[PDB]
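For reference, the structure discussed in these notes is given below.
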Amino acid sequence: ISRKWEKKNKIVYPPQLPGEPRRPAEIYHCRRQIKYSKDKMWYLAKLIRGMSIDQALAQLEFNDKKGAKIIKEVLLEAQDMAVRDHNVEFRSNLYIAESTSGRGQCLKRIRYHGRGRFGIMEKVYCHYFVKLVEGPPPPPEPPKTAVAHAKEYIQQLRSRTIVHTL
Amino acid sequence: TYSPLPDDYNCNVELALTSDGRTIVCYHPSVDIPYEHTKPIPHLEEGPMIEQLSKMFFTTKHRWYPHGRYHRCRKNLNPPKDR
Amino acid sequence: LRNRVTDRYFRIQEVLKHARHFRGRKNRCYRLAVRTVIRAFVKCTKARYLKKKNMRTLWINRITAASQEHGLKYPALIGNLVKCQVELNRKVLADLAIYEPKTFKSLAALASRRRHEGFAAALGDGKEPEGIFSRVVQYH
Amino acid sequence: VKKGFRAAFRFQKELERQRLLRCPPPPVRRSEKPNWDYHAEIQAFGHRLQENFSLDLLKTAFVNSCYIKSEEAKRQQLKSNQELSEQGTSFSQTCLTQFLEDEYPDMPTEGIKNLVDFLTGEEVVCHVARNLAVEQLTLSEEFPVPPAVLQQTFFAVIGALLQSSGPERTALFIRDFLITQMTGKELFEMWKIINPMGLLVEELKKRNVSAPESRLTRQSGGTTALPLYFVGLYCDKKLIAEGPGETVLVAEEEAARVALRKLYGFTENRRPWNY
Amino acid sequence: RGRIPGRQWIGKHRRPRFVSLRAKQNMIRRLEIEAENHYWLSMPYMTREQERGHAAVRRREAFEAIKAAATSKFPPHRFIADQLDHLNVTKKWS
Amino acid sequence: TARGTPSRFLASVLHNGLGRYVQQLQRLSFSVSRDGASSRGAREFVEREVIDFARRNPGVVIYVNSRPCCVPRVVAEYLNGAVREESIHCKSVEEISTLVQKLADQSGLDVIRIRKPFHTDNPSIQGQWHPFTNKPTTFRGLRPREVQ
Amino acid sequence: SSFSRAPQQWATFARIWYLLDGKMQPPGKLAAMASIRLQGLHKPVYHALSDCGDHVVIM
Ligand SMILES: [Mg+2]
Ligand SMILES: [Mg+2]
Ligand SMILES: [Mg+2]
């Protein structure tokens with residue numbers, strides 16, 4: 001097995017100078033051996049990635065699913081964690097950056113089919129990972145406009161050159 | 001007076017051999033553009049945008065669609081420059 | 001077990017190292033790459049002769065193009081060149097047209113004059129003064 | 001476990017290689033890295049670029065004032081290179097201006113000196129010196145060394161070379177190396193300009209000719225999104241330059257640039273530098 | 001439409017290939033130089049009984065050289081030099 | 001493979017051709033040992049040719065470690081800092097001499113595919129070709145089928 | 001030459017608009033000359049990877 005995700009919180013950056021950019025404090029948290037399929041909550045992870053936490057609390061708790069109850073209790077327990085012993089000023093002015101899922105220690109059993117044949121039934125356990133970062137969330141990159149289309153094509157016609165020649 | 005090509009668009013060309021006849025030389029000064037051969041000087045969404053710029057650039061709509069992250073990462077970020 | 005290969009890890013990694021850029025499960029698994037890595041290497045060998053033929057025929061299109069701009073065709077062009085004793089291969093003949101069309105115009109003008117000299121020779125083979133540019137150099 | 005340790009040995013070399021690529025350490029001076037002798041390196045370096053003179057002049061050039069501050073600081077807890085760099089850059093400026101104006105008398109004193117300031121700049125001089133291993137011999141406080149400090153050490157070497165060999169050998173050095181970097185870039189790549197046609201009409205009045213007029217000679221794709229114009233500048237119904245461009249304005253200023261090159265004699269088809 | 005029975009180049013019915021002037025011009029060039037050949041290897045220089053025994057010396061001495069080359073077959077010569085140079089693998093500094 | 005391997009346009013280090021030529025090999029660092037049968041080629045090479053190699057090339061600097069090593073190595077860095085190490089394990093003195101010689105000959109840039117076998121800094125004389133080089137102009141500057 | 005980099009490269013690979021009158025012409029010969037002008041074969045700098053084609057107008 002591997003448990004590096006807990007060790008990611010143990011790092012300590014050196015002291016920062018007065019005249020330098022304020023760093024956004026990151027923080028990690030996860031839950032282990034949940035009873036839910038890896039690909040199922042990965043949809044939920046695809047929803048929340050790229051928004052605010054309190055706005056994210058609204059979506060999943062109304063989402064009629066079992067995983068949401070499992071990945072909400074990991075969220076606000078990371079919220080009060082980050083403020084109590086990681087020096088986070090606002091419990092709301094932060095944004096999740098990396099939310100993923102992964103397989104866990106599975107368990108194999110037998111399902112009884114007809115005519116004596118057997119089917120190996122795999123029970124699914126998973127590990128859910130979440131990363132938090134302070135500051136407001138970044139805005140979504142809007143679709144590239146016609147000016148971006150035009151300039152990129154003119155840059156292509158300007159960047160090209162003769163080939164197989166002097 | 002006979003000329004092999006019209007000497008009125010690129011350069012006034014004339015060939016020449018040394019008297020021994022072992023080397024050929026050419027003299028081709030470029031033409032001067034006469035003054036007479038001159039003139040005096042004086043939002044939307046995906047569907048409408050992809051077709052109007054295609055009509056503007058005289059090309060198809062295929063290349064304007066966005067490619068996947070597979071090709072975006074394979075694109076070289078430090079290509080070599082010649083000269 | 002008494003004798004077992006320990007460096008199986010490395011002799012396959014060098015194969016996959018060349019096959020990292022392959023798409024799909026080929027770059028990941030081994031046997032998929034073994035089928036494609038030797039095939040990709042085989043196509044690399046004989047592609048040189050394609051590189052020769054492609055780049056050769058490409059120079060023909062270039063010189064055929066610059067000749068038509070000046071009012072000639074490629075088969076008559078090189079015929080006058082070799083007749084006038086200039087051994088310039090298709091690389092420089094094409095590349096000359098790229099950067100100095102004034103020079104290529106002289107080559108075309110040199111070529112067109114040899115055609116009229118050749119046609120004058122077609123009328124009378126001998127019994128006439130030979131062409132000034134059609135005169136040849138005798139080595140010995 | 002299967003027997004054998006040879007495979008496990010080379011695997012550790014592969015592990016540390018990946019650990020190097022993943023989290024590489026920061027770079028350091030070559031003196032810090034092993035297999036280094038100070039006196040033998042400057043001596044071997046002097047023989048590399050074909051120069052021979054006293055080590056007292058060499059060491060005084062490579063030594064900076066900043067390292068002396070850290071040297072005496074660590075001593076508590078010798079000779080700078082200001083004079084050598086001063087005479088070095090002084091002779092370089094006069095010598096570069098000398099060869100450039102002798103080859104191009106038409107260039108003015110203003111633009112010809114900006115080019116000399118560019119070749120003697122930081123990015124050009126340090127790039128030549130970085131690719132001549134001057135960074136390995138120079139010693140300072142911080143690493144990577146600043147460009148201004150490395151620039152001072154380069155001209156300090158020119159100063160020591162001047163005192164020992166002479167102007168003729170120092171002239172051959174700076175002439176050969178620096179001008180070869182100038183071969184690539186044309187005039188208006190390093191020496192940017194504003195109002196080129198304004199400068200053109202100013203220069204033409206010095207040369208005693210009339211005010212030219214810009215006239216599009218050829219056109220293509222005007223209504224198309226890819227406009228193309230061949231603008232030519234004529235005076236007294238006689239042309240000097242022709243310049244392409246996207247629009248009429250881009251073609252006009254380009255044609256103004258084309259005349260400025262041939263007026264000052266900096267055409268791309270000019271006589272290369274003899275040797 | 002336009003198929004053919006079986007293979008394109010065999011059998012009772014195949015694709016009828018036809019001639020081009022290129023191939024005609026190519027083959028007449030090969031047999032007309034062969035007519036130039038037919039002229040040249042005629043009019044021989046010497047007669048049968050003239051050229052009878054002029055080169056028997058060379059063919060005899062040449063074959064005897066092959067005989068000497070065939071008999072000259074043995075293993076190579078061995079030496080103490082090349083044998084004891086293998087000892088020098090452990091040459092090491094004082 | 002060309003596509004799997006990177007490439008580059010041909011270029012020299014700071015244009016070493018026009019001016020005074022400089023041997024672009026900066027340093028050689030030999031790693032030999034007082035023991036190990038594989039080091040016979042390197043040690044005998046150190047005896048005979050490394051001396052003459054230094055006399056031939058006063059510019060290049062040489063270092064020899066002479067420490068215990070199961071495999072001898074030779075490290076070579078150039079003016080640009082490009083380090084390139086090659087294994088001289090179980091090699092003859094003649095091969096090592098040719099190997100060190102070509103190392104002295106080559107420059108400090110990684111051996112990869114070259115996009116083209118030459119490089120021209122000023123390729124254009126008489127003006128590079130544009131579409132309007134080989135066609136005439138029009139009286140009064142008129143496009144086809146235009147009155148004024 | 002004495003032309004800058006980007007303007008010179010622009011003028012080389014630039015496109016041009018041809019015009020052709022189809023009165024009493026065959027569709028093949030006008031197609032033959034047109035097609036070669038569409039890829040840009042007439043350009044001495046032709047290369048299939050570089051879309052150096054030129055427009056054509058028929059009447
Ligand atoms: Mg199964
Ligand atoms: Mg061939
Ligand atoms: Mg069939």
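Residue numbering restarts at 1 for every chain of the structure tokens, chains are lettered A, B, ... in their displayed order, and ligands are numbered from 1 as they appear.
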
Could you tell me, counting only C-alpha atoms and all ligand atoms, which protein and nucleic acid residues lie no more than 9 Å from ligand 2, written as a PDB file with N, CA, C and O atoms, in the first residue's frame?
ATOM      1  N   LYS C  52      14.498   9.861 -50.977  1.00  0.00           N
ATOM      2  CA  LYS C  52      15.199  10.194 -52.213  1.00  0.00           C
ATOM      3  C   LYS C  52      14.210  10.473 -53.337  1.00  0.00           C
ATOM      4  O   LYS C  52      14.280  11.515 -53.999  1.00  0.00           O
ATOM      5  N   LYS C  53      13.274   9.549 -53.563  1.00  0.00           N
ATOM      6  CA  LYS C  53      12.327   9.700 -54.664  1.00  0.00           C
ATOM      7  C   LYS C  53      11.412  10.899 -54.449  1.00  0.00           C
ATOM      8  O   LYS C  53      11.132  11.650 -55.390  1.00  0.00           O
ATOM      9  N   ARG C  56      13.495  14.115 -54.768  1.00  0.00           N
ATOM     10  CA  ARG C  56      13.914  14.231 -56.161  1.00  0.00           C
ATOM     11  C   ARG C  56      12.768  14.744 -57.023  1.00  0.00           C
ATOM     12  O   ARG C  56      12.889  15.774 -57.695  1.00  0.00           O
ATOM     13  N   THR C  57      11.634  14.037 -57.002  1.00  0.00           N
ATOM     14  CA  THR C  57      10.475  14.454 -57.788  1.00  0.00           C
ATOM     15  C   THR C  57       9.962  15.821 -57.358  1.00  0.00           C
ATOM     16  O   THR C  57       9.386  16.551 -58.172  1.00  0.00           O
TER      17      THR C  57
END

Close residues to ligand 3 using only C-alpha atoms and all ligand atoms, limit 6 Å, as a PyMOL selection string: chain E and resi 5-7

Hey, which bits of chain A sit within 10 Å of chain F, and for each residue what's the closest pair of atoms and how far apart in Å (one decimal), counting only C-alpha atoms, rows by chain and increasing number, as a tab-separated table?
residue	atom	partner	partner_atom	distance
A:163	CA	F:116	CA	9.3
A:164	CA	F:116	CA	7.5
A:165	CA	F:116	CA	8.7
A:166	CA	F:123	CA	6.5

Shell of 12 Å around ligand 1 (only C-alpha atoms and all ligand atoms), written as a list in words: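 The distance check yields residues 118, 119, 120, 121 and 122 of chain A.
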
Nearest to chain B, chosen from A:135, A:21, A:104, A:142, with only C-alpha atoms counted in the distances: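 Of the candidates, the smallest distance to chain B is held by A:142.
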